[PDB]
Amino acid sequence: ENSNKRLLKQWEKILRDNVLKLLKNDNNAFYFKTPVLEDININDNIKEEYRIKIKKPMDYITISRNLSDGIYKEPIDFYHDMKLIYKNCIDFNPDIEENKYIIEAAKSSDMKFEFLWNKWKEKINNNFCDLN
């Protein structure tokens, strides 16, 4: 919520505006916006199951916060976290009719993210100095 005066690096700006911005508010974003373990809409029994089973829970708001705070040391650390959101959904939720929308939303967003990462990886690598 607090205003961040920290100046984002050019590679961090590309991930924020050209990759994350187009995914964080799309038609398949709804279930991946806020964290699972602190969401009031999910019952306590599923939240207990998620905390015990999921190694690292990930969502769009955590990524927006990490990108703002300068948590990622390399652009690939953002890639791994974005991929983690969709990978956690497929691994936790069983492939059944009641989970049809959520499994499709995770699969489609992963494909959409991979396109956006492939389209921008050239400029991302060019704006990132690994030697400094």
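Quick note: we count residues from 1 along the sequence shown, nothing fancier.
Of the two segments, 56-64 and 42-50, the one listed with the higher mean B-factor is 42-50 (C-alpha atoms only).
Note on 71-79 vs 31-39: mean CA B-factor is higher in 31-39. Among the modelled residues of its chain, residue 106 has a C-alpha B-factor that falls in the middle third, as given in the PDB entry. Split the chain's modelled residues into thirds by C-alpha temperature factor. Residue 89 is in the middle one.
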